[PDB]
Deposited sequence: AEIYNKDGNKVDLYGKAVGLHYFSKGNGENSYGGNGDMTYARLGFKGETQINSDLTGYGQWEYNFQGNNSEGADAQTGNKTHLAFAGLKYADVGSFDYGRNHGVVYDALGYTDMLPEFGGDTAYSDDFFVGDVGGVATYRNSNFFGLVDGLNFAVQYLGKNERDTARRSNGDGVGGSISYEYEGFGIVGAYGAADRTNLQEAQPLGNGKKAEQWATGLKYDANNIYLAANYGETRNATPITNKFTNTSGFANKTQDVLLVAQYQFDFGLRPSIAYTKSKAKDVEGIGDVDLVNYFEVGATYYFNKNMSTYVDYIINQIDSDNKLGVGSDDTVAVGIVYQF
C-alpha cells in the first residue's frame, strides 16, 4: 500500500493479520507446541531518489503477537523484526545499518519457504544466520554492473553485549557471493565473529570465535520452487539441555535443508521438505540431533491479499533425544490477510 509517491519519495505501508493455530499432542514435547499462535505484522518501506545515481532507503517492521491476554503477558513475543536505513549508489553498491538479516541468511533464505515452519537454523540474534541487531551491510548487485546475475555482500557485525549469552555477540565480519542464471541460484556465505565473555562462561560451548557458513542452490521458475542448503557452524548454534537445565552453544553443527514446491495456477501450492541439524562435541553428551523432520504442507492463495495453509511436521526426533528436544509431530493451520 503506497501511501506517498511524490517526485523523489515513495513510502509503502504493509502489514498482515495471521490467524494461526498449532495442534500437537497434550504440547511441551512437540516440534512447534500447541494452541493459538495468532500474530500481526506492521511495517513501512521507503525509498527516496536523491539524485540520478543515489537513492536513500529505510525499512521498519514490527511483530505484534495476537495470542497473549491483555494482562501481564500482553507483550510476550512482540518485537522489532527489521529496522535499518541505507544508501545505494549507481553501480557501486548499497550500504545500510541497523537490525537486519545476517549475511549467511543470504544462503539460508533459499529453503526458508515453508508455509509456517522451516528455516530452523536461521536463528534470531545468532551472529549471521538470521535477524540481528547492529549490522552494517555492503551489497553489490551485478558485480559493479559488469557481470549480470553476480552479487556479493560484505557485512560487519557490531558487538552486542546483552544480558543473556543466547542474545549476545562480539565484533565480526562476514560475506556472501551469489550467482543466478536461467531460473537457478547458487550462493555461498561465511561469517566469523568473536564471542563475548558471557558466552565463553557458558557450560555448553567453548572457543574464542563463532563461525557460520552455508551454501545453497535453488530453482525458481516454471511454477516450481526447489532448494537445498548445507551449513556448518562452530560455537554459534544455541542449544539447551532440558535434563541439566543448562544452556549454551554447540561446539559444532551440520545442517541440511531441502524443499520442493509446486504452484498450481488456480492457487494451491503443495510443499514437501526435509530438515536435519546435528550437533557434536557437546559437554556431557557428545553427538545429538537438534532438528530432524519431514514436512508436508500446502498453501492456497486466493489472491495476493488472502491465503490459507496447513503445515504438517513429521518429527523424526526420538523420545530419548539427549538434549530433551521434543519428538512429537505438530500441524499448523493458518489464515492470512495481508496488504
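Coordinate coverage of the deposited sequence breaks once, at 27, a segment carrying no C-alpha atoms.
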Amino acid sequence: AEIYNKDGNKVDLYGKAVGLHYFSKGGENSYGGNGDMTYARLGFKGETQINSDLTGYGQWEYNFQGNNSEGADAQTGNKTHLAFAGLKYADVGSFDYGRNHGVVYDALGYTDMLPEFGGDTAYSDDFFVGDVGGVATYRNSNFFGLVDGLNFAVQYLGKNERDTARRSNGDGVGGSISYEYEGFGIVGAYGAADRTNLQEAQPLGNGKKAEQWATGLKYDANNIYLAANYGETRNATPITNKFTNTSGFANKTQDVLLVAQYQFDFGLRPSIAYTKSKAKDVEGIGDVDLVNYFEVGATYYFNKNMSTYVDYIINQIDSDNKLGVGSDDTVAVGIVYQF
From here on, numbers count along this sequence of modelled residues.
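The question of which stretch, 83-91 or 242-250, has the higher mean Cα B factor is settled in favour of 242-250. Of the two segments, 276-284 and 66-74, the one listed with the higher mean B-factor is 276-284 (C-alpha atoms only).
Of the candidates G130, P203, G183, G231, it is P203 whose Cα B-factor is highest according to the PDB record.
When the C-alpha B-factors of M113, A153, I224, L198 are ranked from the entry, the top spot goes to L198. Among the modelled residues of its chain, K159 has a C-alpha B-factor that falls in the middle third according to the deposited record.
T38: CA B factor lies in the lowest third for its chain, per the PDB record.
For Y219, the recorded CA temperature factor ranks within the lowest third of the chain's modelled residues. Placement of the Cα temperature factor of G149 within the chain: highest third of the modelled residues, per the deposited record. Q261 sits in the lowest third of its chain by CA B factor, as recorded in the PDB entry.
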